[PDB]
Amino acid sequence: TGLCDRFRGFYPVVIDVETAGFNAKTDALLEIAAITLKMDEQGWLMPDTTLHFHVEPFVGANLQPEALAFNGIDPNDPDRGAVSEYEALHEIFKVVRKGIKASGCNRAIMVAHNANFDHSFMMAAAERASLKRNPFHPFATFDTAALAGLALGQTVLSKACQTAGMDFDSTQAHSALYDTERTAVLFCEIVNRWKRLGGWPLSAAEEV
């Protein structure tokens, strides 16, 4: 009934990013949000700690005009309260390590929509920031697109949330923080629904 029991010791952390393009290596990271999860005594999954950052483009980063036009982010706006990739990831990693120890997990696994995209950006930024002891698994992810495909027959984030009976505000779709929260609620609903229907734990199906 514990978080550490659910995903063979993986500590699920919901992540979303906004970027200045499609290339994790060369394009700027502009926003990152992180939501750790927790289980109550009965084994139900829910959001724990929420973090969010506007991120300053790393020195030398490319900025694709089309990307900025898509997400509407203006990196030059001095009122956007941006912090360095180091500061943002250091805080996230700190909170994540604490949660891993507190819960008895071995490692964090990124939960994200079309996870590889977000994974690649977060890892690249960690690299650039020279962050030590990255708590995240270097290639494993929990893709909510795939999960929503199974659970809800939909792979588009907004449609998946709607089908799950969730609200989804289109005007907030370009906010890493907003997407991370919706994605976290979506993921939790999927996991919890599975349990509720007697899919977990494995013994339940025989009423045990």
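A residue's number is simply how far along the shown sequence it sits, counting from 1. We call the rigid core whatever largest set of C-alpha positions still superposes within 1.5 Å between the two forms.
Take 69 to 77 and 84 to 92, fit the other structures onto the shown form by the rigid core, and average the C-alpha distances in 7 other deposited structures of this protein: the farther stretch is 69 to 77. Between 176 to 184 and 59 to 67, the larger mean CA deviation from the shown form in 7 other deposited structures of this protein, after core superposition, belongs to 59 to 67.
When the C-alpha B-factors of 168 to 176 and 27 to 35 are averaged, 168 to 176 comes out higher. Stretches 97 to 105 and 84 to 92 differ in mean CA B factor, with 97 to 105 having the higher one.
Highest C-alpha temperature factor among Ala145, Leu152, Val59, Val55, as the PDB entry reports it: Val59.
The entry lists a Cα temperature factor for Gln42 that places it in the highest third of the chain's modelled residues. Ranked by Cα temperature factor within the chain, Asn71 sits in the lowest third according to the deposited record. In the PDB entry, a CA B factor belonging to the middle third of its chain's modelled residues is recorded for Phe10.
When all modelled residues of the chain are sorted by CA temperature factor, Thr163 is found within the middle third.
For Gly198, the recorded CA B-factor ranks within the highest third of the chain. Only modelled residues enter the ranking.
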